[PDB]
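A.B. asks: Chains as they are written, first to last, in full-length UniProt numbering: chain C, 10 to 163; chain H, 27 to 186; chain D, 11 to 60; chain G, 703 to 818; chain R, 78 to 218; chain B, 9 to 169; chain W, 778 to 843; chain X, 9 to 41, 53 to 484; chain P, 177 to 234. Input: one structure, supplied below.
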Amino acid sequence: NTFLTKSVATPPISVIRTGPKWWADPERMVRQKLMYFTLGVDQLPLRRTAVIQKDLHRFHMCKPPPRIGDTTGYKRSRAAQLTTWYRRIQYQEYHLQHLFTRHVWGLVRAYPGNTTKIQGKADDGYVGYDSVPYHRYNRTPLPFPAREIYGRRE
Amino acid sequence: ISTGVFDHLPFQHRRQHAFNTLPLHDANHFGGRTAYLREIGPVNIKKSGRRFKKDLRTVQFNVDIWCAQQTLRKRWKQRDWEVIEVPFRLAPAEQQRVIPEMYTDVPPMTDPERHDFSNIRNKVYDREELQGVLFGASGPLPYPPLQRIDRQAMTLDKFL
Amino acid sequence: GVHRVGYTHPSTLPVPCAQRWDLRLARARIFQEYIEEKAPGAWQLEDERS
Amino acid sequence: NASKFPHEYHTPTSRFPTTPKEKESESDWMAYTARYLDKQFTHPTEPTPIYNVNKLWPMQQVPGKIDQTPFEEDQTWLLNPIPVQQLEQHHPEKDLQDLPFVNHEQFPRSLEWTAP
Amino acid sequence: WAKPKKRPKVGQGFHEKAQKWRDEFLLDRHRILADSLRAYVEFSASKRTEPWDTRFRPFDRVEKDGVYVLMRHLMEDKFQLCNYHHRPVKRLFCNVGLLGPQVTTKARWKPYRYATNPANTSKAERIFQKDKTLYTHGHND
Amino acid sequence: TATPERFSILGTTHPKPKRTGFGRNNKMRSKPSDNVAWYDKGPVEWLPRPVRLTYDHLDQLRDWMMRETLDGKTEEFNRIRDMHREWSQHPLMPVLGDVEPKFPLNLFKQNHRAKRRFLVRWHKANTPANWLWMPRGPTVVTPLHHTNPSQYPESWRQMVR
Amino acid sequence: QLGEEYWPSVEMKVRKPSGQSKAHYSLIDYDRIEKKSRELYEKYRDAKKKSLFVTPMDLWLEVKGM
Amino acid sequence: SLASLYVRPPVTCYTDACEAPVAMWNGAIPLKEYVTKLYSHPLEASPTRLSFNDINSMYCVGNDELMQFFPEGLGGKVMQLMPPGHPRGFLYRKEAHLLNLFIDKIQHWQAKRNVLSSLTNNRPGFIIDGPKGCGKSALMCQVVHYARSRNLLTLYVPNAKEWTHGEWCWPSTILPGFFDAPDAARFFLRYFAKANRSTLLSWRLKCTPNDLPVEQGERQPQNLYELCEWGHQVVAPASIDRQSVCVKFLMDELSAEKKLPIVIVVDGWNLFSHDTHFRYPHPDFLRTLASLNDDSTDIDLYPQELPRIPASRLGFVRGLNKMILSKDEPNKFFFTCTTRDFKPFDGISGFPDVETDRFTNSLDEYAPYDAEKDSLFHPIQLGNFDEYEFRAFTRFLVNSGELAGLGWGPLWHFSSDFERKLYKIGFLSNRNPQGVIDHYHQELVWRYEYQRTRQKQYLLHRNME
Amino acid sequence: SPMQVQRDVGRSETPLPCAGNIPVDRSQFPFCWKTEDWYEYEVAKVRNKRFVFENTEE
RNA sequence: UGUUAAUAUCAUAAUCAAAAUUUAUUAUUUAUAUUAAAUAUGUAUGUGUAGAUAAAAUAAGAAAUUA
Ligand SMILES: Nc1nc2c(ncn2[C@@H]2O[C@H](COP(=O)(O)OP(=O)(O)OP(=O)(O)O)[C@@H](O)[C@H]2O)c(=O)[nH]1
Ligand SMILES: [Mg+2]
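Structure below.
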């Protein structure tokens with residue numbers, strides 16, 4: 010794991026909105042599915058999201074379905090509940106992927122990026138070789154060299 | 027065919043570190059070579075900062091030399107042969123004609139009339155067959171003759 | 011590898027043959043080619059983009 | 703004391719990669735074990751064709767000059783003392799035109815001109 | 078386009094006040110250069126601390142075995158000689174030959190500025206408080 | 009040389025006051041930001057930092073898997089499978105009228121930063137501790153995964169009659 | 778047209794020694810290497826009472842002290 | 009659809025154990041009439068029963084038979100289809116059957132000496148040749164399971180990349196002029212002993228030092244298993260010298276014993292037939308420099324490329340070529356292989372994208388190879404799958420990943436049927452074995468499939484009428 | 177062969193394509209080649225642009 | 001929107017090197033590896049952090065409150 014400097018915190022909604030660019034990054038959906046097929050877990054969530062985004066990509070170059078001029082307006086919050094179920098599906102999936110990687114990194118004994126919490130080894134985030142001698146979120150002075158996380162037998 | 031990133035990225039506003047975004051000159055671009063074009067901190071534009079790590083064409087030239095370094099690494103790694111200057115009399119027959127130089131004629135065929143249009147610029151000869159040529163008169167052959175694999179021989183490969 | 015550029019006369023071999031550095035010398039004589047001698051061997055880069 | 707300080711004194715001819723000063727018999731693995739590991743090894747060096755090995759291929763190089771070959775491991779270029787092209791970028795012919803954007807031309811000749 | 082106003086006169090004697098100002102400025106540069114070369118060459122000849130990172134293999138192996146035993150049993154004198162500086166350290170590693178290419182591909186080395194602190198430092202404030210008057214391009218302790 | 013022990017005019021010059029704050033205009037203070045992560049809520053901090061898994065890590069994991077699988081070990085396996093059965097049950101259809109609130113318009117300019125600032129500062133507070141839209145707990149039945157670490161096939165000497 | 782001493786040589790891509798001839802590179806001087814094995818082994822069995830680890834530096838690896 | 013009135017059949021093998029929740033594999037494996056499934060986990064068959072009528076079909080190994088017969092692990096990528104829930108399923112290819120018959124002659128090689136010489140063409144064992152994209156290391160693992168189900172002493176080298184490309188190399192302690200493989204061989208002793216504890220407990224030493232330096236209270240090695248136990252059950256860094264001692268004298272034992280049949284199976288002898296990624300350490304590392312300014316030293320200043328160590332310069336390969344090249348050991352059989360796990364090179368190469376690199380753990384080798392000119396072994400050509408073995412292997416994948424739920428499950432109405440999923444897999448692989456194993460995985464992102472929407476239109480068009 | 181299967185609906189595709197009997201040469205098509213072939217070919221093509229003896233004796 | 005074709009009647013201000021920031025109308029390179037060619041920027045580590053502000057529906061992938 011090379012990238013160990015600081016990272017930018019983006020919410021799931023915008024991490025998903027990047028659509029088929031990185032959210033439905035097919036080669037990233039695949040490479041996280043490989044973590045699941047290694048660990049021996051069912052890929053129910055990532056496969057659900059892949060189905061949804063395959064639909065969305067197939068029906069991105071197309072126009073929405075026509076609205077009717079209803080003062081009573083039902084289509085609106087119905088398509089709203091539809092979208093926000095898709096969104097909640099993807100929020101769950103986002104969390105599953107993050108959890109599996111931050112656990113598999115404690116299993117491979119590999120260090121995560123800076124202040125990337127891994128509850129497999131340390132209840133707080135991994136701070137080490139940082140652009141600041143203070144904790145980026147706790148404001149705790151860093152040890153030199155980077156703090157050590159796993160055992161020493163490799 | 028190469029899924030590497032050959033081009034230095036356009037000098038634009040600051041690519042942050044999130045999903046789909048690294049530092050424009052982090053440790054992973056060109057195997058850590060962006061260390062030679064990276065500067066640290068929100069540089070004071072007027073007074074600090076090296077004027078040649080802000081331009082696009084010079085940083086791209088550096089990156090091009092580094093890509094060429096890579097091509098040279100893999101190319102010279104790809105050699106299990108060396109170029110041994112054999113006189114004309116002793117070289118095996120496929121190297122006894124007018125072989126035009128590099129980039130001179132079409133990359134010439136070994137021999138058409140013998141069912142081998144194999145690159146004679148890319149034909150490799152083994153010491154243990156050119157032994158009679160080079161160090162023929164040097165006593166005991168420093169390598170043994172080659173042990174061959176018999177394909178008419180009735181072994182497990184012929185379903186017995 | 012750190013190899014000494016060696017060149018054996020057309021007289022030492024038990025078959026004489028015109029050797030390639032001598033041919034280089036004949037060519038830098040005919041077409042007045044400067045032979046830069048500080049030319050290191052590890053820098054045979056070609057311009058891939060070109 | 704010119705060689706005591708490697709990077710101060712660079713002739714307008716001096717060129718890189720700056721070759722290191724040679725040890726005794728670093729040539730191959732047979733000679734390496736013969737002099738360096740097993741001083742009593744049977745074979746003097748890898749039995750050599752009496753002919754010419756143009757190791758440095760195809761670069762014809764000055765004999766009697768201790769040279770390197772183009773490296774193999776992608777580490778040594780990262781870990782050499784090779785600089786990056788900092789100042790302007792010249793080519794002895796292109797330098798007439800002074801830049802890409804202001805590319806000069808004497809006559810309006812075609813770019814695919816097949817000179818006789 | 079309004080007609081650019083002429084710069085007013087420089088003033089009285091200021092040509093010589095700038096004379097004396099720059100005079101004692103290069104005067105001050107005398108000592109600044111002296112002290113800065115002092116600090117840079119002590120930085121140079123000082124045995125530095127580890128350039129690698131102990132967060133990756135093969136430098137995550139125990140400080141007793143593997144590449145560490147090779148480091149103690151072939152290069153333990155050379156590193157102390159050449160002052161642990163990351164550049165000569167990595168080149169002695171390139172010439173140790175029994176690690177292959179790994180001294181780049183698998184080895185993780187500290188950043189340029191985490192690498193140039195002297196031997197055995199334990200603070201993170203060292204790099205961020207090194208003296209800012211020694212114009213060493215950060216090549217001082 | 010002989011550096012004068014008194015300085016005439018150069019050292020007397022007005023002190024350029026150091027930049028007070030950090031960041032844009034060197035004015036952005038030292039106080040918490042939208043970007044701060046939380047270590048008290050979930051195994052994945054919220055908001056998380058972007059991680060990136062590589063094929064190096066996929067292979068290291070595959071090799072770790074061969075070892076922990078051929079060492080008879082299945083405990084970290086069943087831990088994996090339980091931390092999977094925690095978060096991978098289908099979350100309920102949202103109640104009709106439940107929607108992520110967009111930032112209300114007609115306060116800031118269209119290109120403002122407070123619009124995305126409120127979005128991030130609400131998506132932070134909506135932690136996994138606040139995920140009430142998915143089934144989690146001892147109140148959930150799982151008709152799709154296996155109930156006890158005894159139904160896993162590595163302990164297959166248990167279901168035999 | 779003056780003689781073979783001017784006939785220009787050929788460039789042959791003479792392959793490096795293959796595996797069939799690289800396999801003999803472990804048995805070259807097998808007799809002497811195994812003998813110095815049998816002797817160094819006795820010095821090593823001795824040394825294992827002197828230090829925690831017996832490197833080949835004290836067996837067949839040699840350096841000038843200064 | 010017969011989910012409640014489906015009952016689970018009993019547990020007798022691991023493949024009987026990995027049945028997924030009926031809801032997960034429900035529509036995947038149709039339950040038809053007591054109602055039972057159409058597709059089933061394949062039977063854990065023993066090789067002593069495996070014969071001409073298991074060819075092109077999938078048998079497997081249970082966790083027990085595997086942990087019994089593969090303690091060092093498997094070869095290159097061989098745990099890729101073996102997540103915990105997956106039954107580790109091997110195909111009975113038409114050349115793997117030839118190898119099983121060869122081993123069937125092995126455990127009586129003495130009576131079948133001329134038999135195997137007719138079968139080996141006097142060439143010591145077989146090297147498995149074929150491109151990147153075949154079943155080489157898995158084939159060798161099948162061979163290893165074969166032999167160890169025949170009670171044969173099997174030296175199974177799981178990867179020659181570990182032996183010639185470790186994290187370090189070293190001078191062999193009792194092998195002047197040579198080297199040994201410290202950590203790869205550290206694992207070799209530990210797992211060869213903990214593998215063949217059966218033969219090596221009754222094994223007795225023939226040409227070994229009975230004056231071994233043993234830590235106080237630790238029992239002197241008298242078996243061949245005691246040798247290795249003393250050899251890897253020790254404190255470091257003493258383990259490195261103990262392991263080179265163990266490699267040399269274990270090879271002397273294995274080249275001295277003439278009676279018990281011995282199987283030796285090496286994954287990737289093309290990475291043994293040439294130079295190791297280690298090179299020779301600098302001579303200025305052999306002389307204890309005195310000072311830096313004036314010594315004529317350019318190791319701290321500049322790197323250089325000292326010549327490369329051929330794999331014949333390690334002690335394990337030392338004894339291995341000592342077994343191959345030295346005849347009069349018609350008891351040992353060298354089933355080695357050819358790995359092609361290097362990075363690609365196709366005219367150019369930029370700087371491979373870190374996050375996107377499926378060959379990072381490939382070896383920066385690029386170098387050629389020739390099965391004939393580079394081996395004493397006889398080449399066994401394991402070409403690519405026919406659509407035959409492709410289809411059988413893939414049915415196993417695509418339906419047992421269901422029956423353990425590792426795949427599509429209750430989302431099965433989205434990815435196509437078998438006869439089109441297989442068409443897609445076999446296109447995207449060109450029947451290549453690896454392309455198949457990875458385009459059964461990249462199946463997630465197949466973004467141009469209409470079988471299910473055309474069938475949904477047929478249902479929401481006819482289920483009106 | 178696909179050139180032989182009557183994909184047509186109403187009128188009979190007779191005669192069939194005369195290609196309905198072409199051989200298969202992996203040495204001719206598909207176009208497979210190695211990279212030094214590609215490179216030397218193209219750069220030689222490029223450099224030999226000028227070497228035209230426009231006055232042959234044809 | 002500076003240099004351009006009819007009003008006269010204060011004064012020579014015009015690059016051939018090395019150059020003096022007050023001028024709103026500007027996208028800086030972010031921690032594995034940091035000075036070799038006309039010389040080429042030594043300052044601003046800090047919870048991505050006040051206020052107000054920039055851009056864009058165009059090969060990328062956006063979806064619903066008309067005057
Ligand atoms: N369970 C099982 N998996 C197999 C089998 N055959 C192939 N595979 C799977 O697919 C992997 C790839 O096949 P191999 O030929 O063995 O892999 P490899 O190319 O030698 O590995 P590398 O040298 O690292 O490239 C296998 O190693 C297994 O993971 C088999 O018979 N049973
Ligand atoms: Mg393999």
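No residue lacks a Cβ here, since even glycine has one placed at the ideal position from N, Cα and C.
Any heavy atom of ligand 2 within a distance shorter than 8 Å of the CB on X:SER156?
C.D. replies: What you label residue 156 of chain X is simply residue 137 of the eighth sequence in a count that begins at 1. True, at least one ligand heavy atom lies under 8 Å from that Cβ.
A.B. asks: Output needed in chain order: residues of the segment 109–125 of chain H with a Cβ under 8 Å from some Cβ in chain D.
C.D. replies: From the segment 109–125 of chain H, only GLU111, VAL112, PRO113, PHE114, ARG115 and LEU116 have a Cβ closer than 8 Å to chain D.
A.B. asks: With a threshold of 8 Å, establish whether the CB of X:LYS180 neighbours any heavy atom of ligand 1.
C.D. replies: If you number the eighth sequence from 1, residue 180 of chain X lands on position 161. Answer for X:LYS180: yes, Cβ within range of ligand 1.
A.B. asks: Less than 9 Å between CB atoms is the rule here; does H:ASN145 satisfy it with respect to chain X?
C.D. replies: On the second sequence, residue 145 of chain H is found 119 positions in, with the first residue counted as 1. So, not an interface residue.
A.B. asks: Please identify the residue among H:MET135, H:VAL150 and H:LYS149 whose C-alpha is closest to the C-alpha of H:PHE143.
C.D. replies: Numbered from 1 along the second sequence, position 117 holds the residue referred to as residue 143 of chain H. Nearest C-alpha to H:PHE143: H:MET135.
A.B. asks: When the Cα atoms are used, what is the spatial distance from X:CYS226 to B:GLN159?
C.D. replies: Start at 1 with the first residue of the eighth sequence, and residue 226 of chain X comes out as number 207. Start at 1 with the first residue of the sixth sequence, and residue 159 of chain B comes out as number 151. One C-alpha to the other measures close to 51 Å.
A.B. asks: Compare the C-beta of R:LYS207 against all C-beta atoms of chain B and say whether one is closer than 9 Å.
C.D. replies: Mapped onto the fifth sequence, residue 207 of chain R falls at position 130. False, the Cβ-Cβ gap to chain B never drops below 9 Å.
A.B. asks: Hey, is the segment 89–108 of chain X in contact with the segment 40–59 of chain C, meaning 3+ C-beta pairs nearer than 8 Å?
C.D. replies: Judged by Cβ distances under 8 Å, the segment 89–108 of chain X makes contact with the segment 40–59 of chain C, as three or more pairs qualify.
A.B. asks: Compute the minimum distance between the beta carbon of X:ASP148 and the heavy atoms of ligand 1, and state whether it is under 8 Å.
C.D. replies: The residue given as residue 148 of chain X occupies position 129 in the eighth sequence. No, the beta carbon of X:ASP148 sits no closer than 8 Å to any heavy atom of ligand 1.
A.B. asks: At a CB-CB cut-off below 8 Å, which residues of chain H make contact with X:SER448?
C.D. replies: In the eighth sequence, residue 448 of chain X corresponds to position 429, counting from 1. The contacting residues do not exist; X:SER448 stays about 18 Å from chain H at best.
A.B. asks: At the 9 Å Cβ level, is C:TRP114 part of the contact set with chain H, yes or no?
C.D. replies: In the first sequence, residue 114 of chain C corresponds to position 105, counting from 1. No, its Cβ sits nowhere closer than 9 Å to a Cβ of chain H.
A.B. asks: Quick one: measure Cβ to Cβ for X:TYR385 and X:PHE364, integer angstroms, because I've assumed they're closer than 8 Å.
C.D. replies: Walking along the eighth sequence from the start, residue 385 of chain X turns up at place 366. Walking along the eighth sequence from the start, residue 364 of chain X turns up at place 345. Indeed, because the Cβ distance is near 5 Å, the residues count as touching under 8 Å.
A.B. asks: Would you call the segment 437–454 of chain X and the segment 472–483 of chain X in contact, with 3 or more CB pairs under 8 Å?
C.D. replies: Not touching, per the Cβ criterion.
A.B. asks: Count the other C-beta atoms from every protein chain shown that fall within 10 angstroms of the C-beta of C:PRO20, then say buried if there are 16 or more, exposed otherwise.
C.D. replies: In the first sequence, counting from the first residue as 1, residue 20 of chain C sits at position 11. It is buried - the Cβ of C:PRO20 has at least 16 other Cβ atoms within 10 Å.
A.B. asks: Taking beta-carbon pairs under 7 Å, can you tell me which members of the segment 442–467 of chain X lie near chain C?
C.D. replies: Under the 7 Å Cβ criterion, the segment 442–467 of chain X contributes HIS460, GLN461, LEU463, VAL464 and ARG466.
A.B. asks: Assuming X:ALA64 and X:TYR78 make a contact with CB atoms under 8 Å, what is their CB distance in whole Å?
C.D. replies: Along the eighth sequence, one-based indexing puts residue 64 of chain X at 45. Along the eighth sequence, one-based indexing puts residue 78 of chain X at 59. Sure, about 4 Å apart at Cβ, within 8 Å.
A.B. asks: Return the residues of the segment 754–786 of chain G that lie within a Cβ-Cβ distance of less than 7 Å from chain R, sorted by chain order.
C.D. replies: Answer in chain order: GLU775, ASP776, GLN777, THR778, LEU780 and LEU781.
A.B. asks: By how many angstroms is the C-alpha of H:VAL112 removed from the C-alpha of D:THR22?
C.D. replies: Your numbering for residue 22 of chain D matches position 12 in the third sequence. Your numbering for residue 112 of chain H matches position 86 in the second sequence. Looking at the two C-alpha atoms, the distance is approximately 13 Å.
A.B. asks: Taking the C-alpha atoms as reference points, what is the distance between G:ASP740 and B:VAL52?
C.D. replies: Position 38 of the fourth sequence, counted from the first residue, corresponds to residue 740 of chain G. Position 44 of the sixth sequence, counted from the first residue, corresponds to residue 52 of chain B. Those two C-alpha atoms are separated by around 57 Å.
A.B. asks: If contact is defined by three or more beta carbon pairs under 8 Å, each pair taking one atom from either stretch, is the segment 248–259 of chain X in contact with the segment 317–329 of chain X?
C.D. replies: Output reads no: the segment 248–259 of chain X does not touch the segment 317–329 of chain X.
A.B. asks: Taking the beta carbon of R:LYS187 as the centre, do at least 16 other beta carbons fall within 10 Å, making it buried, or is it exposed?
C.D. replies: If you number the fifth sequence from 1, residue 187 of chain R lands on position 110. Classification of R:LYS187: buried, given that the 10 Å Cβ count is 16 or more.
A.B. asks: Got a sec? Which residues, its chain only, sit under 8 Å from X:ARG450 by beta carbon, not counting five neighbours each side?
C.D. replies: Counting from one through the eighth sequence, the residue named residue 450 of chain X turns up at place 431. Closer than 8 Å at Cβ, skipping near neighbours: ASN403, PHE404, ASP405, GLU406 and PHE409.
A.B. asks: Taking P:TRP209 as the reference, which of H:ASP176, H:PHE185 and H:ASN148 has the closest Cα?
C.D. replies: The sequence position of residue 209 of chain P within the ninth sequence is 33, counting from 1. Among H:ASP176, H:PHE185 and H:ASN148, the Cα nearest to that of P:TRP209 belongs to H:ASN148.
A.B. asks: Starting from the beta carbon of P:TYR215, find every residue of chain X whose beta carbon is closer than 8 Å, and list them in chain order.
C.D. replies: Locating residue 215 of chain P in the ninth sequence gives position 39, counting from the first residue. Near P:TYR215 (Cβ distances below 8 Å), the residues of chain X are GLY366.
A.B. asks: In whole angstroms, what is the alpha-carbon distance linking G:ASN703 and G:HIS712?
C.D. replies: In the fourth sequence, counting from the first residue as 1, residue 703 of chain G sits at position 1. In the fourth sequence, counting from the first residue as 1, residue 712 of chain G sits at position 10. Using only the alpha carbons, I get a separation of about 14 Å.
A.B. asks: Among H:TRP92, H:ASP131 and H:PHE161, whose alpha-carbon lies nearest the alpha-carbon of D:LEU55?
C.D. replies: Numbered from 1 along the third sequence, position 45 holds the residue referred to as residue 55 of chain D. Nearest of H:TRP92, H:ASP131 and H:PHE161 to D:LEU55, Cα basis: H:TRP92.
A.B. asks: Suppose contacts are defined by Cβ-Cβ distances below 9 Å. Is X:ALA214 in contact with X:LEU158 by that definition?
C.D. replies: Start at 1 with the first residue of the eighth sequence, and residue 214 of chain X comes out as number 195. Start at 1 with the first residue of the eighth sequence, and residue 158 of chain X comes out as number 139. Taking 9 Å as the Cβ cut-off, X:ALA214 and X:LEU158 do not qualify as a contacting pair.
A.B. asks: For X:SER292, count neighbouring C-beta atoms within 10 Å of its own C-beta (all shown protein chains included) and say buried if the count is 16 or more, exposed if not.
C.D. replies: Here residue 292 of chain X refers to the residue found at position 273 of the eighth sequence. Classification for X:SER292: buried.
A.B. asks: How is R:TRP129 classed by DSSP in three states: helix, strand or coil?
C.D. replies: Locating residue 129 of chain R in the fifth sequence gives position 52, where the first residue counts as 1. Residue state, collapsed to three classes: strand.
A.B. asks: Taking only the alpha-carbon atoms, compute the straight-line gap between X:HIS432 and X:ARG473 and give it to the nearest angstrom.
C.D. replies: Numbered from its first residue, the eighth sequence carries residue 432 of chain X at position 413. Numbered from its first residue, the eighth sequence carries residue 473 of chain X at position 454. C-alpha separation (whole angstroms): 11 Å.
A.B. asks: Buried or exposed for G:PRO810, going by 16 or more other Cβ atoms inside 10 Å?
C.D. replies: Within the fourth sequence, numbered from 1, the residue matching residue 810 of chain G stands at position 108. G:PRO810 should be labelled exposed.
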